[PDB]
């Protein structure tokens, strides 16, 4: 009975022309969708415009990162209070691109998670193992560590309403890809890990697949029982492709 969520991570892509075109096309392609929740995370300067463009549709807003302070003398930072104020709900934290390029630690990401919960925002907690970690047979240990930074400091209750996105980092720019069976094995492990602390919370947590998802492979991934949607990368930038993914999630999970 978990209602799927398909979220578009636009990454560093956007312009006022593009926001209008893409959100308008998304509204049209998604106007008949009932069985899947949808969120988009444009670059921070476009959240307000995208929110305005999405008014009248069921498309929810989000953001790609957040910092730790709500206000103060912190030049260039992003406030959870302001993200809430501007209309963002689903906030991506711990994306592999930020863990790598910006050295964001497990502990820092758990702190972001806490700030978001205090604001009534929905963290989209990204976790996943690297190529070296995967080769060492560490997939489970790494996912557990990343989840534990939150679970062991804030309890299972912190995952009520939250979203986890599993990114097999080892499949990024390596030519490789995870199969739906491989993806499912990891999602079931993540859910079982949380279940060790609170089985009820585990059953309600939305676990999205964050590896490569496109119009072609969405159906096979969403047929898996512990895959509750996707955090979509490149396919998020074209309304037609993104819509096929949303409809595939709808079809896979509907009664």
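Positions refer to the first chain, counted from 1.
Undergrad: Select between 37-45 and 194-202 the stretch whose C-alpha atoms have the higher average B-factor in the entry.
TA: Looking at the record's C-alpha B-factors, the answer is 194-202.
Undergrad: If you average the CA temperature factors over each stretch, which comes out higher, 178-186 or 159-167?
TA: Higher mean C-alpha B-factor in the PDB entry: 178-186.
Undergrad: Return the residue from 230, 70, 63, 219 that has the highest Cα B-factor in the entry.
TA: Of the options given, 219 has the highest CA B-factor in the PDB entry.
Undergrad: Among the choices 223, 50, 59, 207, identify the one whose CA B-factor in the record is greatest.
TA: Of 223, 50, 59, 207, 223 has the highest C-alpha B-factor.
Undergrad: Against its chain's modelled residues, does residue 6's Cα B factor rank lowest, middle or highest third?
TA: Residue 6: CA B-factor falls in the lowest third of its chain.
Undergrad: Can you tell me which third, lowest, middle or highest, the CA B-factor of residue 134 falls into for its chain?
TA: CA B-factor rank for residue 134: highest third.
Undergrad: Looking at the C-alpha B-factor of residue 92, is it in the lowest, middle or highest third of its chain?
TA: It falls in the bottom third of the chain.
Undergrad: Divide the modelled residues of the chain into thirds by Cα B-factor and specify which third, lowest, middle or highest, holds residue 239.
TA: CA B-factor rank for residue 239: highest third.
Undergrad: Split into thirds by Cα B-factor across the chain's modelled residues, where does residue 31 land: lowest, middle or highest?
TA: Middle third by C-alpha B-factor.
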